[PDB]
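Below: the structure, in structure tokens.
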Amino acid sequence: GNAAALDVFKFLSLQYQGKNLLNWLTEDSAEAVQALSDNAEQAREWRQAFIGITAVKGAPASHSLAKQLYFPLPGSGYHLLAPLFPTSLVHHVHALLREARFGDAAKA
RNA sequence: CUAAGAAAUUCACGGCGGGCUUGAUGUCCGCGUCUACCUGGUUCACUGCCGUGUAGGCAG
């Protein structure tokens, strides 16, 4: 999203910490609204916003700058495959690599 | 029907200042190298003559 949206994403990630409010932003009414200090209708509208932000909310489409390669079928036509950059996977491999390269274990 | 398909890096520049590397030294004892072979495989594509001839042959 936009970087101003990433500010609200950091706020939501900070709200997830400490209590069980990361899974309890949606699944709670009294403990959520009493801490939020809003009306019950406003609390329901706020819970719907977090439920929508957790969901995808994207129409299925690709772009012209993406890859969309052809794979051949066994004795048949072809299929289009649009490969997506795995971001969580490289973040995990990057965490493992920066752990292996530097730590008190690695430096020791 | 290829993580497909596309692309201008680039302009300019002072690295130089100077210097003692020295003294000293035991390489050394000992040793069985042997046995057996066809340089020819056409291996010297030569030398001279008749013929104007490079054309063609001759003689050793």
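Just remember, in the structure tokens the first chain shown is A, the second B, etc., residues are 1-based per chain, and ligands are 1-based in the order shown.
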Contacts of residue 41 in chain A at 12 Å or less, counting only C-alpha atoms (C1' of nucleotides), minus same-chain residues fewer than 5 places along, as a count of residues only? 6
Define the interface residues of chain B facing chain A as those within 10 Å, counting only C-alpha atoms (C1' of nucleotides), and report them as a PyMOL selection string. chain B and resi 1-5
As a VMD selection string, please: every residue in range 1-59 of chain A that DSSP puts in alpha helix (DSSP H). chain A and resid 3 to 16 21 to 24 30 to 36 40 to 54
As a list in words, list the residues of chain A assigned to strand (DSSP E or B) by DSSP on the backbone atoms of this structure. residues 69, 70, 71, 72, 78, 79, 80 and 81 of chain A
Write the selection just made, keeping C-alpha atoms, as a PDB file, in the first residue's frame?
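Writing the result to selection31.pdb gives the following:
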ATOM      1  CA  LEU A  69       5.128 -17.536 -19.247  1.00  0.00           C
ATOM      2  CA  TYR A  70       3.900 -20.534 -21.248  1.00  0.00           C
ATOM      3  CA  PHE A  71       4.229 -24.062 -19.929  1.00  0.00           C
ATOM      4  CA  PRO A  72       3.597 -26.884 -22.427  1.00  0.00           C
ATOM      5  CA  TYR A  78      -0.133 -24.579 -23.257  1.00  0.00           C
ATOM      6  CA  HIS A  79      -0.893 -22.874 -19.947  1.00  0.00           C
ATOM      7  CA  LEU A  80      -0.074 -19.377 -18.748  1.00  0.00           C
ATOM      8  CA  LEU A  81       1.847 -19.176 -15.484  1.00  0.00           C
TER       9      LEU A  81
END
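The coordinates place CA of residue 25 in chain A at 8.6 Å from CA of residue 51 in chain A.
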Could you give me, as a PyMOL selection string, the residues within 10 Å of residue 49 in chain B, counting only C-alpha atoms (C1' of nucleotides) and dropping anything in the same chain fewer than 2 positions from it? chain B and resi 51+58-59
Quick one: distance from CA of residue 44 in chain A to CA of residue 4 in chain A in Å, one decimal? 23.6 Å
